[PDB]
Amino acid sequence: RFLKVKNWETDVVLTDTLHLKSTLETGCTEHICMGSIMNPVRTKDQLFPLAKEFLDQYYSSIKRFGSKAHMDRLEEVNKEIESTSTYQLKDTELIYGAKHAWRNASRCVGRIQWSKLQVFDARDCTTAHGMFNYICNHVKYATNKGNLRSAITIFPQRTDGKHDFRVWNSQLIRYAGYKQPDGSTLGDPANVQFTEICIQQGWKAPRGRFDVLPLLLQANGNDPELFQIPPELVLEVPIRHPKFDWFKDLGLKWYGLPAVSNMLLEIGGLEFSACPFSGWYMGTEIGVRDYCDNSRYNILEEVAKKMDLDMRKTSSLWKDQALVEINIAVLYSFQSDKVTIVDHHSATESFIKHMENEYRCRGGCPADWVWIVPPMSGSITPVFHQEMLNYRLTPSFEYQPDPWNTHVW
Amino acid sequence: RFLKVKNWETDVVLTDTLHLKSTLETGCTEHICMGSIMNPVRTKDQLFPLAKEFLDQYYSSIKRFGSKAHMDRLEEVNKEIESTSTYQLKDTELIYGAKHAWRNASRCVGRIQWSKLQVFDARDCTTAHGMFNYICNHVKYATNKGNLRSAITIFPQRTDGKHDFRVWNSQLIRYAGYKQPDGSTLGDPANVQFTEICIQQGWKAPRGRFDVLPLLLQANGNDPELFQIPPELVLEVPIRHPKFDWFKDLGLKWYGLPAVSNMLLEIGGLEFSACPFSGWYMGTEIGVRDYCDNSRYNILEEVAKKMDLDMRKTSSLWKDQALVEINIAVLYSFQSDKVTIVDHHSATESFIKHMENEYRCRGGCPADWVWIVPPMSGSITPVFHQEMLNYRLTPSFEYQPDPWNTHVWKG
Ligand code: HEM
Ligand code: HEM
Ligand SMILES: C[C@H](O)[C@@H](O)c1cnc2nc(N)nc(N)c2n1
Ligand SMILES: C[C@H](O)[C@@H](O)c1cnc2nc(N)nc(N)c2n1
Ligand SMILES: NC(=[NH2+])NCCC[C@H](N)C(=O)O
Ligand SMILES: NC(=[NH2+])NCCC[C@H](N)C(=O)O
Ligand SMILES: [Zn+2]
């Protein structure tokens with residue numbers, strides 16, 4: 001019922017009570033654990049409950065739980081649901097809902113910043129051009145000349161599943177992927193399929209290695225449209241090393257604004273299918289994963305060669321030596337160009353602090369160890385030795401089907 | 001019910017059917033996952049089934065399921081159970097049980113070697129002195145002058161829970177740790193408490209930074225006794241770096257035989273409380289955890305100083321650069337002395353093949369991602385990108401409370 005988590009390095013012991021309020025499922029059972037599995041239209045009777053659940057916590061957060069205002073709202077929404085078969089959140093409810101969806105994101109190590117989220121209410125949007133205007137404004141505001149500020153833009157909620165707003169890109173900004181005749185892959189293998197759909201829709205693919213993909217926007221269920229993000233808005237960073245000057249020769253560059261855009265935001269039962277959000281990078285995301293994953297830009301060997309490391313045997317740890325240098329470079333290049341970025345040590349230390357804060361001020365913090373521990377130097381970051389309890393609270397960010405496997409043209 | 005796991009790096013999908021034969025719990029519910037949590041006497045009544053399930057799996061494996069020998073053995077066991085409230089395994093079943101406990105250890109990345117396990121039957125042992133002799137033979141056989149061989153020694157099973165055999169050591173070979181009055185710690189911080197017990201039991205600690213702990217053995221529920229492992233049997237490796245001539249001056253060295261000795265081996269419902277086992281090290285266990293955890297030897301700083309890295313700001317990744325060098329040194333020192341050891345790239349690569357093989361020939365491979373992925377360079381090793389299913393099958397290795405917390409002293 002009441003659980004405890006121990007940090008095996010500091011012997012600290014936090015007591016979790018927040019999970020008692022858990023709602024969704026975890027994908028696990030007493031028989032089997034799926035902790036390492038990537039991913040283990042509502043009716044009126046379904047919505048009333050969710051809505052009630054949300055308002056209670058909302059009014060409870062503003063210290064007016066069971067007030068008249070509280071009861072009034074709950075009554076108004078219930079009426080609206082019976083009549084319209086859905087409802088609209090007050091601006092204050094939206095902001096609270098969004099900030100809390102981020103607060104509950106058990107896979108985000110950067111949640112200590114949760115309360116500072118800038119919310120852009122784009123619920124009055126009606127067309128894809130409108131979406132393009134809203135997104136550009138978001139990118140600009142968040143980039144802030146390098147002094148990144150977290151943000152989220154919320155388009156209209158779902159109604160009947162046939163008038164959904166969606167951003168087909170998985171991130172507002174990403175590099176294109178083209179399968180070459182060589183059999184190899186040019187650019188970013190992760191977006192090969194998305195790139196094909198752009199071309200298949202008209203994009204004039206430049207066929208380069210780091211071509212900023214075009215936004216593909218779907219408004220009110222209509223077919224998606226293309227737009228090219230004002231280049232002057234896409235801040236980028238050329239990657240160099242603070243010692244190896246041959247580094248710049250790999251011709252590597254990465255964008256400064258990470259902005260996940262394919263997720264679904266759920267607040268009080270309502271579903272916001274187009275809700276791009278952004279913060280700033282933790283070095284390892286680019287350095288370790290985007291650059292070295294075998295299925296991404298896989299630049300380990302090349303960097304290994306340039307370093308003249310004995311790549312004859314795995315035990316020389318040449319892959320490890322190289323991995324470290326690529327990550328020093330990334331962090332280096334960003335800090336030099338003066339763009340916000342955080343290293344895995346600093347970030348994890350912050351998350352540990354945030355966890356303790358959460359356990360005392362809220363009674364817990366759902367965390368997914370598998371995703372919290374960085375992809376490099378795991379055990380030398382504090383979160384590795386930190387036991388975690390993973391559970392699903394709402395408001396939340398959910399995964400959702402890539403629209404192309406769903407859109408009825 | 002069939003379950004599927006994908007590898008996000010090779011898109012290869014596998015199907016798990018083996019989880020259907022899972023029995024024990026996982027600590028998890030549909031409302032909460034505890035996959036990152038360290039750790040979430042039997043009666044005739046409950047023993048009959050456990051014995052039957054075991055004999056069935058055993059007889060199926062030798063391809064004699066349903067045979068007369070299978071049926072007689074099953075009748076033999078039951079008569080014995082209700083006759084004596086327990087039963088004795090045959091040598092072959094014991095060997096099979098041990099090998100499968102290893103095969104089912106979801107936290108072990110070295111399982112590709114499960115079938116080559118050397119099983120030593122010490123079920124005829126009656127005293128602590130007897131246990132010590134058995135333990136010396138295991139260390140000697142397993143070490144094999146540097147060419148390590150996996151092995152396990154199995155002492156008498158639990159009967160009434162008052163006559164238990166236990167190896168109070170957590171590993172047969174491990175360095176002492178001593179709390180200094182100024183708060184610091186000399187030696188290995190992980191063994192401070194056990195070291196204190198050994199001293200209290202009469203051990204004359206030389207108080208150095210790498211003193212091999214004495215064995216503290218409990219036979220048939222009696223009070224534990226001390227034994228010094230013959231020094232000529234404890235193989236050690238001086239730690240030096242292939243290019244940093246100053247590394248050797250750090251005074252570091254490590255033992256070559258990793259032999260966990262505090263677990264419990266469950267086979268056919270029977271409980272073996274003393275079952276030390278050993279294989280060989282994966283570099284990271286020593287170079288990442290034993291040397292760099294802040295709660296172990298914590299040498300990152302010193303190594304860092306000598307290399308003169310920018311230790312002013314973590315964003316220089318100085319910790320990360322030192323970690324790599326230390327692990328390179330560990331792998332290099334063992335290889336030079338010709339002491340079996342395996343780097344994490346090779347072990348995880350090997351474990352991924354074993355796992356695929358296991359799905360194909362067994363219908364699954366229970367695995368704990370949290371423990372399989374190495375403590376450094378996680379995503380550049382194949383297991384990181386591999387979805388896994390964690391569930392517990394028997395035979396199995398279980399945690400058991402430290403004996404000093406439960407032993408009823410005799411004086
Ligand atoms: C400002 C600093 C931020 C940092 C350092 C941070 C860091 C991260 C990291 C390292 C992960 C895993 C990333 C991956 O491996 O793909 C993550 C996941 C996530 N973050 Fe954040 N984040 C930031 C801002 C945000 C914001 C503004 C939100 C939401 C409004 C958010 C919501 C989430 C969610 C839902 C996930 C999981 C996404 C998935 O499943 O792929 N993060 N974040
Ligand atoms: C062949 C050499 C071996 C290698 C390279 C290997 C590797 C490993 C590693 C790296 C771990 C995690 C270690 C830790 O963090 O403490 C592990 C866990 C484990 N191994 Fe092995 N192993 C070997 C042999 C064995 C043998 C012979 C057995 C069984 C008889 C075995 C049973 C286990 C079990 C039960 C665990 C989990 C222990 C726990 O929960 O603390 N391993 N092994
Ligand atoms: C989901 C799979 O186990 C594996 O692909 C995996 C594990 N942990 C992860 N953690 C983080 N932070 N990101 C990704 N992409 C991860 N991917
Ligand atoms: C049990 C805690 O989550 C943490 O201390 C933790 C995580 N992963 C591990 N993995 C391995 N291989 N060994 C140990 N000791 C580990 N310890
Ligand atoms: N720090 C963040 N907000 N990250 C969002 C996901 C970005 C993704 N992991 C990448 O490397 O591009
Ligand atoms: N590879 C093995 N069999 N390891 C057994 C556990 C050893 C433990 N990780 C140590 O560093 O001492
Ligand atoms: Zn679980």
Side-chain angles (χ1 to χ4, degrees), chain A residues 3 5-6 8-10 19 22 25-38 283 288-289 292-295 300 314-317 319-321 323-325 327-328 331-332 335 342-343 345-346 349 367-370 373-380 384-391, chain B residues 3 5-6 8-10 19 22 25-38 283 288-289 292-295 300 314-317 319-321 323-324 327-328 331-332 335 342-343 345-346 349 367-370 373-380 382 384-391:
Chain A
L3 299 162
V5 287
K6 174 188 178 182
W8 293 84
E9 173 186 345
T10 57
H19 76 284
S22 172
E25 305 184 66
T26 65
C28 298
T29 81
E30 302 75 53
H31 266 303
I32 196 172
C33 173
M34 297 186 109
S36 57
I37 309 300
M38 192 79 90
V288 179
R289 300 305 300 291
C292 302
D293 260 29
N294 186 252
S295 99
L300 267 186
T314 67
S315 66
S316 74
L317 305 203
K319 282 178 168 177
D320 309 71
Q321 284 207 290
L323 183 62
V324 184
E325 303 306 321
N327 281 277
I328 272 171
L331 290 173
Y332 185 66
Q335 283 161 157
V342 72
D343 62 60
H345 300 287
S346 163
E349 182 196 357
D368 180 347
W369 196 100
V370 166
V373 174
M376 81 172 292
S377 308
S379 71
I380 56 172
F384 180 92
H385 312 273
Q386 177 66 65
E387 289 184 340
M388 293 167 202
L389 291 165
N390 192 201
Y391 49 89
Chain B
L3 291 172
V5 290
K6 171 184 176 175
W8 298 87
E9 188 179 43
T10 63
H19 72 276
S22 181
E25 303 179 72
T26 66
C28 305
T29 82
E30 290 102 295
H31 292 178
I32 196 166
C33 178
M34 307 202 315
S36 93
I37 296 289
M38 173 86 211
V288 182
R289 307 303 305 285
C292 302
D293 267 6
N294 293 155
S295 314
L300 284 168
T314 52
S315 73
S316 72
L317 303 197
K319 285 193 172 184
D320 312 62
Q321 266 181 314
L323 186 59
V324 176
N327 283 285
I328 281 183
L331 286 161
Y332 176 71
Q335 280 158 174
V342 61
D343 65 86
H345 298 293
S346 184
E349 185 180 357
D368 183 326
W369 198 95
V370 167
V373 179
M376 90 182 266
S377 299
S379 66
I380 55 172
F384 183 89
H385 312 276
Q386 179 73 58
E387 294 191 311
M388 308 178 179
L389 286 179
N390 189 200
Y391 52 75

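Here is the naming used below: chain letters follow the sequence lines, and residue numbers restart at 1 for every chain.
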**Complete:** If one checks every heavy atom of A:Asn390 against chain B at 4.5 Å, the contacting part turns out to be both
**Request:** Without swapping roles, check the side chain of B:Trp8 against the backbone of B:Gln386 for a donor-acceptor pair under 3.5 Å.
**Result:** no
**Request:** Any chance you could measure B:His345, atom NE2, to B:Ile380, atom CD1, to the nearest 0.5 Å?
**Result:** 4.5 Å
**A:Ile328 versus chain B, the contacting section by heavy-atom distance below 4.5 Å** = both
**Request:** Output yes when a side-chain donor or acceptor of B:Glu387 lies under 3.5 Å from a complementary backbone atom of B:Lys6, and no otherwise.
**Result:** yes
**Asked** With only heavy atoms counted, which part of A:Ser377 is less than 4.5 Å from chain B, the side chain, the backbone, both or neither?
**Response** both
**Under 3.5 Å donor-acceptor, A:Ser379 side chain and A:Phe384 backbone** = no
**Region of A:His31 that comes under 4.5 Å of a non-hydrogen atom in chain B** = both
**Message:** Taking A:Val370's backbone N and O only, do any of them form a donor-acceptor pair with A:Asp368's side chain (distance below 3.5 Å, no angle check)?
**Reply:** yes
**Complete:** Given A:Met34, A:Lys319, A:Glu25, A:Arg289, the one with more heavy-atom pairs under 4.5 angstrom with chain B than any other is A:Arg289
**Complete:** From the list B:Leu300, B:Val288, B:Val5, B:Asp343, the residue making the most non-hydrogen contacts under 4.5 Å with chain A is B:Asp343
**Asked** Do you know which of A:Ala367, A:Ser346, A:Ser36 has the most heavy-atom pairs with chain B at a distance under 4.5 angstrom?
**Response** A:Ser36
**Message:** Need one label for B:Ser316: side chain, backbone, both or neither, based on atoms under 4.5 Å from any heavy atom in chain A.
**Reply:** backbone
**Request:** Give the member of A:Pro374, A:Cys33, A:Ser22 that has the highest number of heavy-atom pairs under 4.5 Å with chain B.
**Result:** A:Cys33
**Message:** Quick check on the interface: out of A:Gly35, A:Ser315, A:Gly378, who has the most heavy-atom pairs with chain B under 4.5 Å?
**Reply:** A:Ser315
**Message:** Using a 4.5 angstrom heavy-atom cutoff, name the option from B:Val373, B:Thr10, B:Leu389 with the most pairs to chain A.
**Reply:** B:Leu389
**Asked** Using non-hydrogen atoms only, which part of A:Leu331 is less than 4.5 Å away from chain B: side chain, backbone, both, or neither?
**Response** side chain
**Interatomic distance, B:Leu3 atom CG to A:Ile37 atom CD1 [nearest 0.5 angstrom]** = 8.5 Å
**Complete:** For B:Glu9 and A:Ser295 the tightest heavy-atom approach is O-CB, 4.2 Å
**Item:** Toward chain A, the part of B:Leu323 with a non-hydrogen atom under 4.5 Å
**Value:** side chain
**Contacting region of B:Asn327 [heavy-atom separation from chain A under 4.5 Å]** = both
**Complete:** Applying a strict 4.5 Å limit to non-hydrogen atoms, the region of B:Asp293 in contact with chain A is side chain
**Part of A:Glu349 lying under 4.5 Å from any heavy atom of chain B** = neither
**Fill in**
If you tally heavy-atom pairs under 4.5 Å between each of B:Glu30, B:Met376, B:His19 and chain A, the highest tally belongs to B:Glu30
**Residue B:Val324 versus chain A: region with a heavy atom under 4.5 Å** = both
